[PDB]
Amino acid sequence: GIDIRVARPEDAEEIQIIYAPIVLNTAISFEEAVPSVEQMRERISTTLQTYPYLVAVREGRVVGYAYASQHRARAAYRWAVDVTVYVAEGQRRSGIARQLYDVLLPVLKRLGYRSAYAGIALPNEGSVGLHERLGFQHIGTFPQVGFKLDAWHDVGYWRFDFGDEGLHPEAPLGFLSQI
């Protein structure tokens, strides 16, 4: 099945349902307090002001989502972008994150980004495997950088290189809008 489409604020509810147990009971995310539905709604809208936000859907329900965000604040970094992907429990390994990425990555390239970074709390062999298969390269690991759920956690970064690190790059454009 599976169709990828642009996310909407109305997807907040299913997205929150996917994301809340990840915040609650895993070190996948370094957030501590479960974000409300209303919060995820605002995160969707704000992200869309500049970046793609995507959902994967199967028979009308959201089974995963993906979005991009700013890699770092300072001007010279503006060709670097962060990517985030999540899949509902029980729908993993069925290729959903892969499909999300196969849409998100080309979108980012055409916007003007030169590289995308995925932050992965380690260990997570299934997430590493997926990024290795997609062609990301592991460029570094911040060891025991986070504390959550009674343990210290490594965070590795995986880089997808869009190429075209040419000599006169132009600033990336808005997904659908702003400058």
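Note that residue numbering follows the sequence shown and begins at 1.
- Higher average CA B factor: 90-98, of the stretches 90-98 and 69-77.
- Of the two segments examined, 27-35 and 107-115, it is 27-35 that shows the higher average Cα temperature factor in the deposited entry.
- When the C-alpha B-factors of 145, 57, 120, 54 are read from the PDB record, the largest value belongs to 57.
- Compared with the other modelled residues of the chain, the Cα B-factor recorded for residue 18 ranks in the middle third.
- For residue 167, the recorded CA temperature factor ranks within the highest third of the chain's modelled residues.
- The entry lists a Cα temperature factor for residue 132 that places it in the middle third of the chain's modelled residues.
- Compared with the other modelled residues of the chain, the Cα B-factor recorded for residue 49 ranks in the highest third.
- For residue 125, the recorded CA B-factor ranks within the middle third of the chain. Only modelled residues enter the ranking.
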